[PDB]
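Notes follow once the structure below has been shown.
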Amino acid sequence: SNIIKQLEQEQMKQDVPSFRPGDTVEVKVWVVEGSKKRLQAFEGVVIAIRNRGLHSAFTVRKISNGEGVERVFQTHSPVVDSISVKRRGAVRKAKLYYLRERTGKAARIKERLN
Amino acid sequence: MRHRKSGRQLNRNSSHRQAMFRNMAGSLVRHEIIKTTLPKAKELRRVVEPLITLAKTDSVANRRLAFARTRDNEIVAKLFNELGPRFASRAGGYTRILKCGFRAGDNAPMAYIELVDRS
Amino acid sequence: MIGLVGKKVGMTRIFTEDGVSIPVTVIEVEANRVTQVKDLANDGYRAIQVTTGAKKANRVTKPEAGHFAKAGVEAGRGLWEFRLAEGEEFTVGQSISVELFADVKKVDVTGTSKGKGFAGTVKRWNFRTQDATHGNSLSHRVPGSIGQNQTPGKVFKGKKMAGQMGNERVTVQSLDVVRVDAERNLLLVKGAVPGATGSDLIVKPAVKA
Amino acid sequence: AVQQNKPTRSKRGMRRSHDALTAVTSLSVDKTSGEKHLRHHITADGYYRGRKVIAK
Amino acid sequence: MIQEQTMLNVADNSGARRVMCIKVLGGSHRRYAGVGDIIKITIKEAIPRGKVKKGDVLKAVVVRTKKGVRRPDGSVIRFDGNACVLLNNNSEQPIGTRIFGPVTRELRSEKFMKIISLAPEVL
RNA sequence: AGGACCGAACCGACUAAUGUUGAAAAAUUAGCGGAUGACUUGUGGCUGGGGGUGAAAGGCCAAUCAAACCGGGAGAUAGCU
RNA sequence: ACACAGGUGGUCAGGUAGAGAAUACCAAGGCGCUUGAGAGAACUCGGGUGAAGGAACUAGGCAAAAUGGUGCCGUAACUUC
RNA sequence: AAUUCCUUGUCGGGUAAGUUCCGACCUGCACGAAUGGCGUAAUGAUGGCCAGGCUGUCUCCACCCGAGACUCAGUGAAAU
RNA sequence: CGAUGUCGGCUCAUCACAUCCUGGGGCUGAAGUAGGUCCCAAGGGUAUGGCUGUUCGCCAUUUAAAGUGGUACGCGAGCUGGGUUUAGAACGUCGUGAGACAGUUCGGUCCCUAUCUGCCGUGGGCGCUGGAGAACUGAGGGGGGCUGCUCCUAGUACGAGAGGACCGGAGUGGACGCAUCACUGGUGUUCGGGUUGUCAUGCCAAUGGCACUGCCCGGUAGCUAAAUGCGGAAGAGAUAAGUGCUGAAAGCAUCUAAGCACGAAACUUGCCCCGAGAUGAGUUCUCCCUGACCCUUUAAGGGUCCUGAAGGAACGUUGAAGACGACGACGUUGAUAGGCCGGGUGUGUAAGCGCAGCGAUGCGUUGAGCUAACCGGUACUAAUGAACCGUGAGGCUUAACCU
Ligand SMILES: [Mg+2]
Ligand SMILES: [Mg+2]
Ligand SMILES: [Mg+2]
Ligand SMILES: [Mg+2]
Ligand SMILES: [Mg+2]
Ligand SMILES: [Mg+2]
Ligand SMILES: [Mg+2]
Ligand SMILES: [Mg+2]
Ligand SMILES: [Mg+2]
Ligand SMILES: [Mg+2]
Ligand SMILES: [Mg+2]
Ligand SMILES: [Mg+2]
Ligand SMILES: [Mg+2]
Ligand SMILES: [Mg+2]
Ligand SMILES: [Mg+2]
Ligand SMILES: [Mg+2]
Ligand SMILES: [Mg+2]
Ligand SMILES: [Mg+2]
Ligand SMILES: [Mg+2]
Ligand SMILES: [Mg+2]
Ligand SMILES: [Mg+2]
Ligand SMILES: [Mg+2]
Ligand SMILES: [Mg+2]
Ligand SMILES: [Mg+2]
Ligand SMILES: [Mg+2]
Ligand SMILES: [Mg+2]
Ligand SMILES: [Mg+2]
Ligand SMILES: [Mg+2]
Ligand SMILES: [Mg+2]
Ligand SMILES: [Mg+2]
Ligand SMILES: [Mg+2]
Ligand SMILES: [Mg+2]
Ligand SMILES: [Mg+2]
Ligand SMILES: [Mg+2]
Ligand SMILES: [Mg+2]
Ligand SMILES: [Mg+2]
Ligand SMILES: [Mg+2]
Ligand SMILES: [Mg+2]
Ligand SMILES: [Mg+2]
Ligand SMILES: [Mg+2]
Ligand SMILES: [Mg+2]
Ligand SMILES: [Mg+2]
Ligand SMILES: [Mg+2]
Ligand SMILES: [Mg+2]
Ligand SMILES: [Mg+2]
Ligand SMILES: [Mg+2]
Ligand SMILES: [Mg+2]
Ligand SMILES: [Mg+2]
Ligand SMILES: [Mg+2]
Ligand SMILES: [Mg+2]
Ligand SMILES: [Mg+2]
Ligand SMILES: [Mg+2]
Ligand SMILES: [Mg+2]
Ligand SMILES: [Mg+2]
Ligand SMILES: [Mg+2]
Ligand SMILES: [Mg+2]
Ligand SMILES: [Mg+2]
Ligand SMILES: [Mg+2]
Ligand SMILES: [Mg+2]
Ligand SMILES: [Mg+2]
Ligand SMILES: [Mg+2]
Ligand SMILES: [Mg+2]
Ligand SMILES: [Mg+2]
Ligand SMILES: [Mg+2]
Ligand SMILES: [Mg+2]
Ligand SMILES: [Mg+2]
Ligand SMILES: [Mg+2]
Ligand SMILES: [Mg+2]
Ligand SMILES: [Mg+2]
Ligand SMILES: [Mg+2]
Ligand SMILES: [Mg+2]
Ligand SMILES: [Mg+2]
Ligand SMILES: [Mg+2]
Ligand SMILES: [Mg+2]
Ligand SMILES: [Mg+2]
Ligand SMILES: [Mg+2]
Ligand SMILES: [Mg+2]
Ligand SMILES: [Mg+2]
Ligand SMILES: [Mg+2]
Ligand SMILES: [Mg+2]
Ligand SMILES: [Mg+2]
Ligand SMILES: [Mg+2]
Ligand SMILES: [Mg+2]
Ligand SMILES: [Mg+2]
Ligand SMILES: [Mg+2]
């Protein structure tokens, strides 16, 4: 409705950069440990993007310490602070769920130049 | 339960409904008035009227789309040469339902569905 | 304390500064205007009768339109009634805004739930299904046994059986109110209230505190 | 799954108490041809709300 | 989201490779166990010379789930497998000395301050 | 070469579900076994009831079998209902 | 007993793919199975997909799911070789 | 033990836990040598047990597609 | 005995209290903690596995606890068919034998479309005394009632130490329940794409049909749980066991006889829902009707003509309402549904053309094209002028007022 959209567009963030699935992205989130807010980095491959305006989200997969870690960030949440596209990739799907069984050389994605 | 859903099942499976409305939309373009049952007449508006709106822009691509929906070149020719420019100013609502009583074989509530600019 | 009559606009979320997402339910609350003040001398109890929204003039009936004309107020889409506490009073044509909830902290939201229709005992009363294999003859989601043998030639009252589920008055208690926006007539409560989108809601301050 | 006593014709009449048909309330009359039809249906000659909606 | 009969990988150098949850502790009829939850387990596969032995029965704390754990913004952190760190039965401190793979911020407490200390990465 | 192997026709009937006033007085559906042999099938023949026939289950002998069917003794007899 | 999802011997054997008379789609040819129309509850029937777990179900992995082809590599105990 | 009453014998293995299973023991209620004894490769829509894969079997069900059920019109049973 | 289906499991249960947990007490050979024992208390709660057909039992590991019983050893016109208990076969054993064995072993058809009671839902009729539209009160009925752990009080009381509280407060769980779809997900045979075989559209190109939606990949709305909100209370009243105060009978003593006080998850309330068919049919508010005459058996009488209100119903467009009724929205003075326009979302760069390449193909046009149920708009189509039902001041008897 008009009432919902007015409440949601005033909470959105005006600086979300344009990224596609397959872009190697680097997300800086806020971490409150003890009492000092620090800014932990998270960097992997965008395997899914779900666009719903304020409720928009995206999924980042990385291979951390041998283990694969998926993390579904809420885009307009303030606990994420920066989103930076490190390396943009060339895929032909909207959601890269097949990377959950590809490792090493098989899970490469080529670079979307230009 | 059927909350906020759309489309009538009409006691058919999905491929039969698509092939029945493919035949029936071509039959309505061909004769400009047909007599069918009232649930099938109301559900036919969601098929024919997107085809007529498709026919307002005569491109080669839209001929291929309208052929992919109907699979009859005589209907696609009638859509873009006649019913395209006939309805070129109307903002939708290209057809009209006229309830015509009850079928003698099974008491089915029938209806005439016709194009607006017919008579 | 009295409550107010609103409408379920939908659900959204309020991102706090701390990184917490609060799932909220937007309830628009237009100006509730009173239509009748009830008292002990005439009615035996103390309450007010409010109205909200608008209604088509050709559709409000002459008995109903005469009731608004006595109070001298525009016809609203319904008539609800809130019991008065002691030391609490209102005039007849008085309008009541959403600023009444400016300093409450928890509310109870009463609505009519969604209509599930005729529901079976797996869905309605959370019965266990029987075995889906191992020989079961036509009895996968049936309620099973319903009584005992000859001792009570009879099934007891209130036995959990299939029937109408939902489409009835339910009240969710102690909802945390998040934001009271008087300028655009809104009310944000934490969590999910009953009812579909666009249905009437009765928001009262919480009685269990 | 079957009865133990013959139900009476009185009980039979009480079950058929709701099986009565409802006659049509009033037939609408066309303003041009003046003939009677079902409300919101076309006439037998092919009129509906005045105009001749279908030839014959 | 670990229940009975669930096989888990082992996240430390305690000597086990593959353990099975046999009881989700802390409450009657308790179905599941997320991260930070104590489970009684058995050992199904071990290294030849470890602190633990095949068939031992002991406790464990779940540190990684494939279902994942949710953060108060609404975000969720999923892993590709199920991993737990073995505990002593009584003292309920970890047996191994080196934690493998990441853990989460839900794990840290006064109870498991040692495990997040030894983890290579805390998400 | 094969009472060989895998597998359709064909022959059989292991399991489940349906069906159980059925579509069907034993079937359908999805699987299943054999499938050049002690195989299977058409047509015609022969064996008759204390008899036949039986790779034997008291199986089969016209939807009937610890003695078929039909007619007769016959209105058997019934201290039983 | 039925205009009955059964049973019934012989002959004819197109295309594409395929080892094939399997199977998919078609030709020649023949059909749409003699109640329909709506609606889109529980429940039943026949199916589809499923988070996390993976036999904890159960008398029993019943049923489902899974495996599935060709070529090449490679292949244990035991053995009447 | 297709045989063992006592018996879930005892011991060992397998399992977190095994009245079943497997290996022993012999105290064979009441094995035993062509109403055959003991072995035995291959074979079995055979019996019991274990493991891998697999999964709505299950924790605990959810949704969907169709055929009924439901409503209308036509025909129109049955047991009791 | 002209048939009352049986062990165990499954799925629903329900009651008792001789109480397993939680609650309240008394005594203790009760320091504390933890117990023993008995009294009160049935409000709620009250495991999962291994083995076995098992109930049971043993064992593993839980838990505050894993209560004992009644219910045709509850429950097969609800399910299962492992056990028992048909016909086959075998062992041991008995018998010359046919055969037999609460000895064992392998195999072995579980039917019923609900007339009545009952129960879960949902309607029609009529009533409630003129008719109608609403809002109610609450007689009564139902729901709900569980609890861990940590922290503080406080290492305080207690204790030789070891240990370690009552009372009170805060947090966070398990199980259960209600609601919801904002999140995370599932589904999504009505959206998009990939692709195998084949057939067709004259052919190319491009599509469509069929093959389980052909096989997949994603996915809108909706519905959903595993997702996330919320709930159990506090309080009050009267109490149980119990504890008392004052106090005689009985100069004392004594909780009781007179009088008074305290006392539990039980009881009545408080919370939620239904609820005036509550025939004892209630209350409030508003709206509508202010015509003539005939009749004989003169009465709560019958009829004629005129009149047809408020409202309702029917019909139509329909719905996050729904089996059907019902309920809700709307019917031109109109956004009810469809279409249309715009947006969003999803899918992932359409077709055509051009270029590069021997070609498969790649690139540009191009985040293109298509896009369901969604959002905001828009009378384009369909929601008709009517007709129909409902009437025309509403009994008697007193009483109090009014003139
Ligand atoms: Mg709709
Ligand atoms: Mg039909
Ligand atoms: Mg198809
Ligand atoms: Mg509904
Ligand atoms: Mg079950
Ligand atoms: Mg059966
Ligand atoms: Mg079934
Ligand atoms: Mg019974
Ligand atoms: Mg009785
Ligand atoms: Mg009788
Ligand atoms: Mg009837
Ligand atoms: Mg052979
Ligand atoms: Mg045979
Ligand atoms: Mg078959
Ligand atoms: Mg073969
Ligand atoms: Mg015999
Ligand atoms: Mg015979
Ligand atoms: Mg004879
Ligand atoms: Mg004889
Ligand atoms: Mg004689
Ligand atoms: Mg005689
Ligand atoms: Mg026929
Ligand atoms: Mg051929
Ligand atoms: Mg074939
Ligand atoms: Mg037929
Ligand atoms: Mg259905
Ligand atoms: Mg499947
Ligand atoms: Mg699954
Ligand atoms: Mg998926
Ligand atoms: Mg999975
Ligand atoms: Mg088991
Ligand atoms: Mg079990
Ligand atoms: Mg099987
Ligand atoms: Mg299969
Ligand atoms: Mg013996
Ligand atoms: Mg024995
Ligand atoms: Mg096992
Ligand atoms: Mg042993
Ligand atoms: Mg077993
Ligand atoms: Mg042995
Ligand atoms: Mg012998
Ligand atoms: Mg001998
Ligand atoms: Mg022998
Ligand atoms: Mg009928
Ligand atoms: Mg008897
Ligand atoms: Mg009898
Ligand atoms: Mg007692
Ligand atoms: Mg005590
Ligand atoms: Mg009780
Ligand atoms: Mg109880
Ligand atoms: Mg009670
Ligand atoms: Mg109480
Ligand atoms: Mg047990
Ligand atoms: Mg007894
Ligand atoms: Mg019994
Ligand atoms: Mg019992
Ligand atoms: Mg039984
Ligand atoms: Mg049996
Ligand atoms: Mg025998
Ligand atoms: Mg016997
Ligand atoms: Mg009624
Ligand atoms: Mg009560
Ligand atoms: Mg409590
Ligand atoms: Mg949702
Ligand atoms: Mg949504
Ligand atoms: Mg999804
Ligand atoms: Mg799908
Ligand atoms: Mg969804
Ligand atoms: Mg094709
Ligand atoms: Mg081509
Ligand atoms: Mg075809
Ligand atoms: Mg075909
Ligand atoms: Mg209290
Ligand atoms: Mg005294
Ligand atoms: Mg005294
Ligand atoms: Mg008191
Ligand atoms: Mg307008
Ligand atoms: Mg519209
Ligand atoms: Mg659009
Ligand atoms: Mg997009
Ligand atoms: Mg292009
Ligand atoms: Mg395409
Ligand atoms: Mg580009
Ligand atoms: Mg796009
Ligand atoms: Mg709209």
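Ordering of the structure tokens sets the chain letters (A, B, ...); residue numbers start at 1 within each chain; ligands are numbered from 1 in the order shown.
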Show me, as a ChimeraX atom specification, the residues that have an atom within 10 Å of residue 24 in chain F when counting only C-alpha atoms (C1' of nucleotides), minus same-chain residues fewer than 4 positions from it. /F:19,28 /G:4-6
Up to 6 Å from chain D, what residues of chain I turn up? Count only C-alpha atoms (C1' of nucleotides) and give them as number ranges by chain. I: 114-115, 387-388
Take the residues from that selection and put them in a file with C-alpha atoms (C1' of nucleotides), as a PDB file, in the first residue's frame.
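That gives us again23.pdb:
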ATOM      1  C1'   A I 114     -24.445 -44.166   8.959  1.00  0.00           C
ATOM      2  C1'   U I 115     -31.623 -44.591   9.633  1.00  0.00           C
ATOM      3  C1'   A I 387     -40.862  -6.090 -10.329  1.00  0.00           C
ATOM      4  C1'   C I 388     -41.250  -9.090  -5.590  1.00  0.00           C
TER       5        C I 388
END
All residues having an atom within 10 Å of ligand 48 (only C-alpha atoms (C1' of nucleotides) and all ligand atoms) as a PyMOL selection string: chain I and resi 25-28+30+35-39
Surrounding residues as a PyMOL selection string, ligand 38, max 10 Å, only C-alpha atoms (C1' of nucleotides) and all ligand atoms: chain H and resi 10-14+18
Neighbours of chain G in chain B at 12 Å, counting only C-alpha atoms (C1' of nucleotides), as a ChimeraX atom specification: /B:1-3,5-12,36-40,102-110
Could you save the residues just selected, with N, CA and C atoms, as a PDB file, in the first residue's frame?
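Below you can see again-v2.pdb, which holds the result:
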ATOM      1  N   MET B   1      -7.249 -24.440   0.885  1.00  0.00           N
ATOM      2  CA  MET B   1      -8.064 -23.244   0.770  1.00  0.00           C
ATOM      3  C   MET B   1      -7.535 -22.366  -0.351  1.00  0.00           C
ATOM      4  N   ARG B   2      -8.354 -21.426  -0.800  1.00  0.00           N
ATOM      5  CA  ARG B   2      -8.150 -20.786  -2.090  1.00  0.00           C
ATOM      6  C   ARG B   2      -7.986 -19.293  -1.856  1.00  0.00           C
ATOM      7  N   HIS B   3      -7.170 -18.909  -0.887  1.00  0.00           N
ATOM      8  CA  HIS B   3      -7.055 -17.498  -0.545  1.00  0.00           C
ATOM      9  C   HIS B   3      -6.245 -16.770  -1.602  1.00  0.00           C
ATOM     10  N   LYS B   5      -6.235 -16.619  -4.725  1.00  0.00           N
ATOM     11  CA  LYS B   5      -5.789 -17.286  -5.933  1.00  0.00           C
ATOM     12  C   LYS B   5      -6.614 -16.829  -7.123  1.00  0.00           C
ATOM     13  N   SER B   6      -6.258 -17.321  -8.303  1.00  0.00           N
ATOM     14  CA  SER B   6      -6.952 -16.914  -9.509  1.00  0.00           C
ATOM     15  C   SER B   6      -6.894 -18.035 -10.527  1.00  0.00           C
ATOM     16  N   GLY B   7      -7.764 -17.938 -11.523  1.00  0.00           N
ATOM     17  CA  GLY B   7      -7.837 -18.949 -12.554  1.00  0.00           C
ATOM     18  C   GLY B   7      -8.747 -20.089 -12.168  1.00  0.00           C
ATOM     19  N   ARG B   8      -9.661 -20.452 -13.055  1.00  0.00           N
ATOM     20  CA  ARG B   8     -10.602 -21.523 -12.790  1.00  0.00           C
ATOM     21  C   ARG B   8     -10.023 -22.841 -13.266  1.00  0.00           C
ATOM     22  N   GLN B   9     -10.242 -23.887 -12.482  1.00  0.00           N
ATOM     23  CA  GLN B   9      -9.717 -25.195 -12.841  1.00  0.00           C
ATOM     24  C   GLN B   9     -10.578 -25.868 -13.899  1.00  0.00           C
ATOM     25  N   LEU B  10     -11.898 -25.659 -13.833  1.00  0.00           N
ATOM     26  CA  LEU B  10     -12.873 -26.100 -14.838  1.00  0.00           C
ATOM     27  C   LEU B  10     -12.880 -27.610 -15.035  1.00  0.00           C
ATOM     28  N   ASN B  11     -12.527 -28.346 -13.976  1.00  0.00           N
ATOM     29  CA  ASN B  11     -12.514 -29.810 -13.932  1.00  0.00           C
ATOM     30  C   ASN B  11     -11.631 -30.421 -15.014  1.00  0.00           C
ATOM     31  N   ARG B  12     -10.552 -29.737 -15.363  1.00  0.00           N
ATOM     32  CA  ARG B  12      -9.616 -30.180 -16.378  1.00  0.00           C
ATOM     33  C   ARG B  12      -8.212 -30.072 -15.821  1.00  0.00           C
ATOM     34  N   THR B  36     -20.830 -20.190 -25.125  1.00  0.00           N
ATOM     35  CA  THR B  36     -20.203 -21.174 -24.269  1.00  0.00           C
ATOM     36  C   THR B  36     -20.803 -21.041 -22.882  1.00  0.00           C
ATOM     37  N   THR B  37     -20.297 -21.824 -21.941  1.00  0.00           N
ATOM     38  CA  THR B  37     -20.809 -21.741 -20.587  1.00  0.00           C
ATOM     39  C   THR B  37     -20.288 -20.491 -19.910  1.00  0.00           C
ATOM     40  N   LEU B  38     -21.016 -20.056 -18.893  1.00  0.00           N
ATOM     41  CA  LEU B  38     -20.658 -18.833 -18.184  1.00  0.00           C
ATOM     42  C   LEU B  38     -19.333 -18.895 -17.422  1.00  0.00           C
ATOM     43  N   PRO B  39     -18.918 -20.000 -16.783  1.00  0.00           N
ATOM     44  CA  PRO B  39     -17.545 -20.006 -16.257  1.00  0.00           C
ATOM     45  C   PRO B  39     -16.478 -19.999 -17.330  1.00  0.00           C
ATOM     46  N   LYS B  40     -16.712 -20.655 -18.463  1.00  0.00           N
ATOM     47  CA  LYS B  40     -15.713 -20.636 -19.520  1.00  0.00           C
ATOM     48  C   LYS B  40     -15.693 -19.300 -20.237  1.00  0.00           C
ATOM     49  N   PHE B 102     -29.887 -21.399 -20.038  1.00  0.00           N
ATOM     50  CA  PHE B 102     -29.522 -22.700 -19.505  1.00  0.00           C
ATOM     51  C   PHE B 102     -29.542 -23.725 -20.621  1.00  0.00           C
ATOM     52  N   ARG B 103     -28.495 -24.533 -20.700  1.00  0.00           N
ATOM     53  CA  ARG B 103     -28.370 -25.502 -21.771  1.00  0.00           C
ATOM     54  C   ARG B 103     -29.283 -26.689 -21.520  1.00  0.00           C
ATOM     55  N   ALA B 104     -29.937 -27.163 -22.580  1.00  0.00           N
ATOM     56  CA  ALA B 104     -30.995 -28.151 -22.414  1.00  0.00           C
ATOM     57  C   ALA B 104     -30.458 -29.519 -22.021  1.00  0.00           C
ATOM     58  N   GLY B 105     -29.225 -29.839 -22.404  1.00  0.00           N
ATOM     59  CA  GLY B 105     -28.703 -31.159 -22.116  1.00  0.00           C
ATOM     60  C   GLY B 105     -28.296 -31.369 -20.676  1.00  0.00           C
ATOM     61  N   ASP B 106     -27.800 -30.329 -20.012  1.00  0.00           N
ATOM     62  CA  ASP B 106     -27.251 -30.521 -18.678  1.00  0.00           C
ATOM     63  C   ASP B 106     -27.507 -29.380 -17.702  1.00  0.00           C
ATOM     64  N   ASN B 107     -28.404 -28.446 -18.029  1.00  0.00           N
ATOM     65  CA  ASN B 107     -28.710 -27.253 -17.228  1.00  0.00           C
ATOM     66  C   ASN B 107     -27.453 -26.430 -16.949  1.00  0.00           C
ATOM     67  N   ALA B 108     -26.593 -26.322 -17.926  1.00  0.00           N
ATOM     68  CA  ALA B 108     -25.413 -25.499 -17.732  1.00  0.00           C
ATOM     69  C   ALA B 108     -25.750 -24.046 -18.027  1.00  0.00           C
ATOM     70  N   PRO B 109     -25.384 -23.117 -17.161  1.00  0.00           N
ATOM     71  CA  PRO B 109     -25.638 -21.705 -17.450  1.00  0.00           C
ATOM     72  C   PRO B 109     -24.770 -21.170 -18.568  1.00  0.00           C
ATOM     73  N   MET B 110     -25.385 -20.903 -19.705  1.00  0.00           N
ATOM     74  CA  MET B 110     -24.662 -20.491 -20.893  1.00  0.00           C
ATOM     75  C   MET B 110     -24.544 -18.975 -20.939  1.00  0.00           C
TER      76      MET B 110
END
Within 10 Å of range 81-93 of chain A, counting only C-alpha atoms (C1' of nucleotides), which residues qualify if same-chain residues fewer than 4 places away don't, as number ranges by chain? A: 15-30, 39-48, 75-77, 97, 108-114; I: 193, 217-218, 347-349
Hey, which of A:3, A:72, A:54, A:63 ends up closest to chain E? Count only C-alpha atoms. A:72
Residues of chain C were defined as contacting chain B if any atom lay at most 10 Å from it, counting only C-alpha atoms; please report them as a ChimeraX atom specification. /C:114-119
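The gap separating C1' of residue 151 in chain I from CA of residue 34 in chain A is 18.6 Å, in Å to one decimal.
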Spatial neighbours of range 17-19 of chain G, 12 Å, only C-alpha atoms (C1' of nucleotides), chain gap at least 2 places, as an MDAnalysis selection string: (chainID F and resid 7) or (chainID G and resid 15 22:26 69:70) or (chainID I and resid 196:198)
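With only C-alpha atoms (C1' of nucleotides) and all ligand atoms counted, the chains near ligand 80 contribute these residues within 8 Å: residues 51 of chain A; 345 and 346 of chain I.
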Just to be explicit: take each residue in the selection above, keep N, CA and C atoms (P, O5', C5', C4', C3', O3' and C1' of nucleotides), and write the result as a PDB file, in the first residue's frame.
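Written output follows (part15.pdb):
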ATOM      1  N   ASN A  51      15.310  -9.284  -3.928  1.00  0.00           N
ATOM      2  CA  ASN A  51      14.936  -7.876  -3.947  1.00  0.00           C
ATOM      3  C   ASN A  51      13.495  -7.729  -3.490  1.00  0.00           C
TER       4      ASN A  51
ATOM      5  P     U I 345      11.705  -4.789  -7.764  1.00  0.00           P
ATOM      6  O5'   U I 345      11.338  -6.327  -7.663  1.00  0.00           O
ATOM      7  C5'   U I 345      10.798  -6.854  -6.467  1.00  0.00           C
ATOM      8  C4'   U I 345      10.037  -8.121  -6.727  1.00  0.00           C
ATOM      9  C3'   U I 345      10.795  -9.187  -7.485  1.00  0.00           C
ATOM     10  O3'   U I 345      11.660  -9.941  -6.664  1.00  0.00           O
ATOM     11  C1'   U I 345       8.676  -8.911  -8.455  1.00  0.00           C
ATOM     12  P     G I 346      13.099 -10.365  -7.213  1.00  0.00           P
ATOM     13  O5'   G I 346      12.777 -11.550  -8.211  1.00  0.00           O
ATOM     14  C5'   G I 346      12.162 -12.728  -7.734  1.00  0.00           C
ATOM     15  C4'   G I 346      11.567 -13.524  -8.860  1.00  0.00           C
ATOM     16  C3'   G I 346      12.533 -13.990  -9.921  1.00  0.00           C
ATOM     17  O3'   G I 346      13.249 -15.132  -9.517  1.00  0.00           O
ATOM     18  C1'   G I 346      10.625 -13.097 -10.950  1.00  0.00           C
TER      19        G I 346
END
Within 9 Å of ligand 42, which residues of chain H come that close, and what is the closest atom pair and distance in Å for each? Count only C-alpha atoms (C1' of nucleotides) and all ligand atoms and give it as a tab-separated table.
residue	atom	partner	partner_atom_place_in_ligand_line	distance
H:33	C1'	ligand 42	1 (Mg)	7.4
H:34	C1'	ligand 42	1 (Mg)	6.3
H:35	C1'	ligand 42	1 (Mg)	6.6
H:36	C1'	ligand 42	1 (Mg)	5.8
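Residues in contact with ligand 40 (atom pairs separated by at most 12 Å; only C-alpha atoms (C1' of nucleotides) and all ligand atoms) are residues 1, 4, 9, 11, 12, 21, 22, 23, 24, 25 and 26 of chain H.
The two atoms in question, CA of residue 61 in chain C and CA of residue 4 in chain C, are spaced 24.5 Å apart.
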Surrounding residues as number ranges by chain, ligand 27, max 10 Å, only C-alpha atoms (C1' of nucleotides) and all ligand atoms: G: 47-50, 64-65; H: 55-56
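Those residues that approach range 18-26 of chain B to within 8 Å, counting only C-alpha atoms (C1' of nucleotides), are residues 14, 30, 44, 47, 48, 69, 70, 71, 72 and 75 of chain B; same-chain residues fewer than 4 positions away are not listed.
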At a cut-off of 12 Å around ligand 70, and using only C-alpha atoms (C1' of nucleotides) and all ligand atoms, what residues come up? Please write them as JSON, numbers by chain. {"I": [200, 201, 203, 204, 205, 206, 207]}
